[PDB]
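Quick notes on the structure that follows.
We did not get these values from a lab; they are worked out from the coordinates using the rules stated. Positions of Cβ are backbone-derived with ideal geometry, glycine not excepted, and every protein chain shown enters the neighbour counts.
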Ligand SMILES: N#Cc1cc(Cl)cc(Oc2c(Br)ccc(Cc3n[nH]c4nnccc34)c2F)c1
């Protein structure tokens, strides 16, 4: 086992990302962990002649765990892990009855990193009140959270899963970052038996918002839903015309002509108004369209996925995934505080996206940057981190998605 | 000495060779001063005479009755690699734990007591030129970290970290703060046990090339450090004098604001808003700005706050932090952090505007966020908050607002003015209320505009505006409808922009118009507001669009 030479582009430099402040208990968690890793040879202390930095966090059970945010290094290294050593994503995975996610990131710690690449994996454990300069380390082995790690390890992963695949030709296994995604159509007891079997295979090489399993063949579109009403006021038809006007941008065939005819000229909002036959047909034909997926929108692998989320109240959140604005590839919903709920939704939506497209979306998050950045690791459980930015939800888009 | 510590390997930037900058011929006195300075440094190992083969050069200068040698490393600095940042921040006194005994040690000749990478020394070449540059100059290169070189602060810092490491492991409850050339050392040992522990630190340091002051030369408390005063069981800021002036220049007000801001860390209630408004913003440094009555009022309140000295207390890690916030007029917030009621560790202020339009609940939340971060930095934990907002008000706001908003453990405290929402929009159309369909249109070339309404009661109206935008006319239209309206009203707009602003229940705005709208919304008993798509021929909207477009 000797190293694969890793490269950046000719003209991109390594990451120089600031460390976020950490609480005392996480700082202490991180020095326990990192003291161990150094003893084991996985990381080494470094000097100031390494100008790179990547942020580090502590997450959870009761067991603390190190999470390195390699988002910048991943971007800066995309030619290597995507074009040079890309792992092809299987279209059948989303079709399976059950998909189980297994953590396999312990595998990487046994495989040494190209010594000329090690510097770019620099990180810092900070100090309370800037007492000490705080502890700088770099990786000597394939790090968890870097997309180059599975890229490099896929040759060995393929050996490991070979008998199991051979013996189970209708089970699909996909590696994304530090996890294996394992799908079958088996009944759930047999499915779980095969997961235990796979764990034993992996164990012979030293190894191991969601629920127990994912169930992607049962994943749906959240239809833009038009109300059924006893009685229709002017306000109600206005709201309806608004929804339908905005759905007409996404779906070929939406129509509102008939409903707008109802709204004559300067009525009271409370005024009940009769529902015509043409209006009712248009309404019914719209409903059928909204049951179906969007005609004309397809996943383009050369484009970034983006995810928008709306806070709907009462622990309810809605979301849309698209590549061109409002051309939805998927839509859905998620249901004790706002930041915790939001992080759970982000992780749920990311997992779905990995299973469907083999990549993560960039999130548009309806929250203050500083609040999110203070609190997210407090509830984060995943071993990846998606790209996000911070957004003001237009108040109407929330209305149209329930 | 020069530390025996191993060196840090150092590179130039990937595509770059070392500097070859030409030594300007120098005055005789300067040449002589340099020769004398360099001879002495040479004899201590700091610099070494070098051969003719070395092609690199950096300019040297001498300035005054002692002479000083200045090396201009500008070019080398451009050519040398980046280093990691020295520090993420600076110690705050409020974050210090009280020690029985504390010692300041400053390292003597810090940079010159640390070796330079042998492979890098050649790049540090400089030339003492001969008189009228007739003959070859005397050539030297550094063996140690040069003054003014980009790598010196970082390499020094990490040399001290390595060196201190063993001493920390054997003495895990002695506090050593590293800051530039300084070491600040604190223990809970009795005087003599500490004095002895310091001696073995000093000795451990001297073994590694680093000299330090004697017990006869060590500073005594209080420490004047970085604008603070650090006493045995309290801290404060060093004395602030607020000038008395007939005429205040731009320069004078800026310096005033800086001082006030500095004082705000421990003096509660310091305000700076009205003084900062004076600095917007076209004005010359020595240009005089007359103080408004508001700035005058604010300056006088600050003077009362500063008339008597205030101190802060140190941190006790076995108690919670409590943070209290008060509203001090509009846009301004003040806070205090303490562990035991009213012995403040520190104080501060918040008085910002995220966005053109906002309310007090949003500002309070932002203030809590700022304070929370500050606390994690200083103490590694979040404080418990005491806030001038009822739980019901907060619950009503966060449950209904479109952003995720969260604040950690807090309690209500009745310290007026209390934070409240000043109006609330109806959730449904109001029966027996007149519906106003509003609209605005502005010509793009003339910048003329028209704002108006049509209603279900048959009323109609249009006004004329000059140098407006479409945004401004949609707001103008809403203000009309509020003006001509009863105490209950439904308003239909096709502006998402205006709807967004008003739905967030602003109470404060950069916009004159928006503040006029807010006055009205407060006076009303009920307002319902609805949006429709424009140009889709929706009754009412179609009509106002007509009278409004005419132009
Ligand atoms: N100058 C200086 C200085 C600056 C810092 Cl940031 C810390 C410092 O040492 C202290 C340490 Br180490 C630890 C605690 C305190 C506060 C303190 N406790 N007991 C004291 N007796 N005298 C002065 C200060 C203190 C210190 F001032 C000295």
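Test residue B:425 against the criterion of being more than 8 Å from every other protein chain (Cβ to nearest Cβ), touching a strand residue (DSSP E or B) at 6+ places or on another chain (Cβ under 9 Å) and farther than 30 Å from residue A:23 by Cα, and give yes or no. It would help to see each step written out before you state the result.
Details: more than 8 Å from every other protein chain (Cβ to nearest Cβ): yes; touching a strand residue (DSSP E or B) at 6+ places or on another chain (Cβ under 9 Å): yes; farther than 30 Å from residue A:23 by Cα: yes.
So residue B:425 fits the description; yes.
Test each condition in (1) in contact with a helix residue (DSSP H, G or I) (Cβ under 7 Å, 6 or more places away or on another chain); (2) away from chain A (no Cβ under 14 Å); (3) within 16 Å of the ligand (Cβ to nearest atom) for residue B:204 and report the one that comes out false.
(3)
In the range A:374-395, which residues are assigned to a helix (DSSP H, G or I) and either surrounded by fewer than 16 Cβ atoms within 10 Å (Cβ to Cβ) or more than 9 Å from chain B (Cβ to nearest Cβ) (or both)? Explain how you work it out, then say what you get.
Applying the first criterion (assigned to a helix (DSSP H, G or I)) to the range A:374-395 yields A:374-378, A:395.
Matches in the range A:374-395: A:376, A:377, A:378.
Of A:9, A:18, which residue is more than 30 Å from residue B:152 (Cα to Cα), within 14 Å of another protein chain (Cβ to nearest Cβ) and surrounded by fewer than 13 Cβ atoms within 10 Å (Cβ to Cβ)?
Details: A:18 fails: more than 30 Å from residue B:152 (Cα to Cα).
Matching residue, one of A:9, A:18: A:9.
Of the residues B:79, B:74, only one is over 30 Å from residue B:314 (Cβ atoms), surrounded by fewer than 17 Cβ atoms within 10 Å (Cβ to Cβ), more than 14 Å from every other protein chain (Cβ to nearest Cβ) and away from the ligand (no atom under 16 Å from the Cβ); which? Step through it out loud before you land on a result.
Working: B:79 fails: surrounded by fewer than 17 Cβ atoms within 10 Å (Cβ to Cβ).
The conditions single out B:74.
May I ask you to say which residue of B:102, B:107 is within 16 Å of the ligand (Cβ to nearest atom), surrounded by 18 or more Cβ atoms within 10 Å (Cβ to Cβ) and away from chain A (no Cβ under 14 Å)? Don't jump to the end; show me each part of the working.
Details: B:102 fails: away from chain A (no Cβ under 14 Å).
None of the others qualify; the one that does is B:107.
Collect the residues in the range B:203-238 that are farther than 26 Å from residue B:94 by Cα and in contact with a strand residue (DSSP E or B) (Cβ under 7 Å, 6 or more places away or on another chain), keeping them in residue-number order.
Step one: filter the range B:203-238 for residues farther than 26 Å from residue B:94 by Cα, giving B:203-217.
Hits for the range B:203-238 are B:212, B:213.
Please go through (1) more than 12 Å from chain B (Cβ to nearest Cβ); (2) in a loop (DSSP other than H, G, I, E, B) for residue A:50 and return the number of the only condition it doesn't satisfy.
Exception for residue A:50: condition (1).
For the range A:17-41, which positions are out of contact with any strand residue (DSSP E or B) (no Cβ under 6 Å at 6 or more places or on another chain) and not in a helix (DSSP H, G or I)?
A:18, A:20, A:21, A:22, A:23, A:40, A:41
Would you check if residue B:384 is surrounded by fewer than 15 Cβ atoms within 10 Å (Cβ to Cβ) and more than 30 Å from residue B:478 (Cβ to Cβ)? Please lay out each step first, then the result.
On the way: surrounded by fewer than 15 Cβ atoms within 10 Å (Cβ to Cβ): yes; more than 30 Å from residue B:478 (Cβ to Cβ): yes.
Yes.
Has the range B:285-296 got any residue that is away from the ligand (no atom under 14 Å from the Cβ), away from chain A (no Cβ under 14 Å) and under 30 Å from residue B:160 (Cβ atoms)? Even if it seems obvious, please write down each step before you answer.
Applying the first criterion (away from the ligand (no atom under 14 Å from the Cβ)) to the range B:285-296 yields B:285-296.
After this cut, where a residue has to be away from chain A (no Cβ under 14 Å) as well, the list is B:285-296.
Add one more test, that the residue is under 30 Å from residue B:160 (Cβ atoms), and what stays is none.
Among the residues of the range B:285-296, not one is away from the ligand (no atom under 14 Å from the Cβ), away from chain A (no Cβ under 14 Å) and under 30 Å from residue B:160 (Cβ atoms), which makes the answer no.
Could you identify the single residue in B:50, B:90 that is more than 14 Å from the ligand (Cβ to nearest atom) and either under 30 Å from residue B:313 (Cβ atoms) or touching a helix residue (DSSP H, G or I) at 6+ places or on another chain (Cβ under 9 Å) (or both)? Write out each step before concluding.
Working: B:90 fails: more than 14 Å from the ligand (Cβ to nearest atom).
On inspection, the qualifying residue turns out to be B:50.
State the number of residues belonging to the range A:129-151 that are part of a helix (DSSP H, G or I) and either in contact with a helix residue (DSSP H, G or I) (Cβ under 6 Å, 6 or more places away or on another chain) or crowded, with 23+ Cβ neighbours inside 10 Å (or both).
Number of matching residues: 5.
Residues that are closer than 15 Å to residue A:242 by Cβ and facing chain A (nearest Cβ under 9 Å), at least 3 per element: which helices (runs of 4 or more DSSP H) completely within the range B:492-551 meet that? Step through it out loud before you land on a result.
On the way: elements: B:496-503, B:512-523, B:541-549.
The helices (runs of 4 or more DSSP H) meeting that bar are B:496-503.
So, restricting to strands (runs of 3 or more DSSP E) that lie completely within the range B:91-202, which ones have at least 3 residues that are in contact with a strand residue (DSSP E or B) (Cβ under 6 Å, 6 or more places away or on another chain) and within 29 Å of residue B:266 (Cβ to Cβ)? Working first, answer last.
Working: elements: B:101-106, B:126-128, B:138-142, B:175-179, B:182-187.
Qualifying strands (runs of 3 or more DSSP E): B:101-106, B:175-179, B:182-187.
Give me the pairs: first residue in the range B:213-229 and more than 26 Å from residue B:203 (Cα to Cα) and more than 14 Å from chain A (Cβ to nearest Cβ), second residue more than 8 Å from the ligand (Cβ to nearest atom) and assigned to a strand (DSSP E or B), beta-carbon distance under 8 Å, and six or more apart or on different chains, which are they?
Here the result reads B:227/B:237; B:229/B:236; B:229/B:237, each pair linking the range B:213-229 to a residue that is more than 8 Å from the ligand (Cβ to nearest atom) and assigned to a strand (DSSP E or B).
Can you tell me which residue in the range A:341-373 is surrounded by the fewest Cβ atoms within 10 Å (Cβ to Cβ), limited to those that are touching a helix residue (DSSP H, G or I) at 6+ places or on another chain (Cβ under 7 Å) and assigned to a loop (DSSP other than H, G, I, E, B)?
The residue in question is A:359.
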